[PDB]
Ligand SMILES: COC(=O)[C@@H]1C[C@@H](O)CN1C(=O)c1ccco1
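Shown below, as structure tokens, is a lone chain in the form solved without the named molecule; questions about how it binds or moves come after it.
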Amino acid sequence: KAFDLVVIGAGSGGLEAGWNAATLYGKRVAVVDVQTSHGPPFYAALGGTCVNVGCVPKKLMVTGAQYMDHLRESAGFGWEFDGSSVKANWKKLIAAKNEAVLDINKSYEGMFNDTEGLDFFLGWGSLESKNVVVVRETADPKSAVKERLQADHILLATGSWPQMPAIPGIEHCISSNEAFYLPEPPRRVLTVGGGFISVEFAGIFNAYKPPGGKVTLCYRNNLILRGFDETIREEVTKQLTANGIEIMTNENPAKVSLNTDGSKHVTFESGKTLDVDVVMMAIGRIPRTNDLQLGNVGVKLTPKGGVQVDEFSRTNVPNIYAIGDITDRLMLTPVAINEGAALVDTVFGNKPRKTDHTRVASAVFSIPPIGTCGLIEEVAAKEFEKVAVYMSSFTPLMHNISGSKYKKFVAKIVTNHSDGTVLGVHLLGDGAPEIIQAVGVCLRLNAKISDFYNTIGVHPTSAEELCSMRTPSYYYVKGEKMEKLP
């Protein structure tokens, strides 16, 4: 009942810290989670949100959805078949996804059973005191104690949970959690929100909808994907529209009621209405701090409910740390993992290291997808007196042949024009998430535009566009956009 490290949440951050502490530094580690495999009732399980109801199944389902475009695009290359025979079997997809996720759940079970001094406990972790975690049967802090774990070090890694707007009829709505288990593909669906989850699910539902189907995405403000490159936000909007998705911007559900046939009658704040089979809310995720009973030991939370941390993931309470989505910063699996690897290398390795939250490569598995690293030009322009933007945008030749002429590839490089340092790189098109990864390494090394343009291209690729840009398309001078420098 005594451990060097007790980890609450067997997720992206918690398992990296757990596994590293045990295998690299021979520490004794307890990891707590509420469930051993994916799905209802608690959705996240052993492996965490990404594995169970996140990156991993989403990416499989986006890959499934991409075959709608491949089957169509094949014709330009001479592929012939009965287009009238094409059916998308959603139930097949969900069964394949469930088996893939279950195998990961079982692989992490193997990990725990095989590894000496790495123990999994099932149930709800909360803080009794500075150095004791209690595991209870439920999230009710009044439920039975299953275990009482003594901890020299405590890691909070409980991740996040979907936010559901408190509107009349919210009980008729789902989150991404339930989207992964829909028994049938909705004919009509409203994805609510302008972020990556709404956009990615609009793509998935668009490909699997039965005949006479319609995907509508609504977003309360003027343009989806706030925080991404503006050219890309506008282009994704166009390319989703071109593939049959209806984008309702400046719109937000005020309420939902059930029609007598079980369908949903959505009333917008504007007075507009829409009938759909599914209303998927994807308006935000909030850190999971409530169930940890953090008041018991006085861990400080943020305005927003995230665990306050320093650069070394330390709470205000010594021996208690917090990584990943519970900190309510960048909610990405590789950031959680990086934080956990740094924390353990620091605390047990005696090799202090801090996660760099700048120049983080990330992606949106929109069709086609986004790959991005570092600053968008609007942000650069407020920090740097002179910003250059290098931009290449065109329909690739293969998509002039495929018939998807609307698939404009966008490559933007944002520099500090004073020394040429690359501040950010923004890609839209097939392979963007794959192209961007080694760009993250380039930015860590303070690559300049001349490092890209002096590197020899791999031909033919989309990626080589990044090595062909010698001349700014335009600038920001003290925050002001202009074609040419003074």
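So that there is no doubt, residue numbering starts at 1 and follows the sequence shown.
What comes next is about the form solved in complex with the named molecule, which does not appear here.
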Contact stretch among 306 to 314, 221 to 229, 258 to 266, 145 to 153 - heavy atom within 4.5 Å of the named molecule in the bound PDB entry: 221 to 229
Candidate from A411, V192, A363, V278 lying within 4.5 Å of the named molecule in the bound PDB entry - any heavy atom: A363
The single option of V132, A254, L330, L301 touching the named molecule in the bound PDB entry, heavy atom within 4.5 Å: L330
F384: touches the named molecule in the bound PDB entry, heavy atom cutoff 4.5 angstroms: no
Residues within 4.5 Å of the named molecule in the bound PDB entry, restricted to 163 to 200 and counted by heavy atom: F196
